[PDB]
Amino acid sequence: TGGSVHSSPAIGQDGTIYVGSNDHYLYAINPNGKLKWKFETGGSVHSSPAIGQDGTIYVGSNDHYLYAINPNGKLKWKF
């Protein structure tokens, strides 16, 4: 990555490892080690992501925002 990983990884149903980092990013990583995508946030992602029934990744950041991100990496919504 590019920042310390204080976030705890969540594992998708397809096996994808979802984790945040204090480099302002959220990383989706395949089990083989290659990166699926990364979603840039406005602050350090200290929160551990959560996965719902639809596969949406819910993670908070140090920019007052709670990000909802689709499995493909596009932003669903943000609070």
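Heads up: residue numbers just count along the shown sequence, starting at 1.
Looking at the C-alpha B-factors along this chain, the one for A50 belongs to the lowest third. In the PDB entry, a CA B factor belonging to the middle third of its chain's modelled residues is recorded for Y25. In this PDB entry, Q13 carries a Cα temperature factor that places it within the highest third of its chain's modelled residues. Remark: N70 belongs to the lowest third of its chain, ranked by C-alpha B-factor as recorded.
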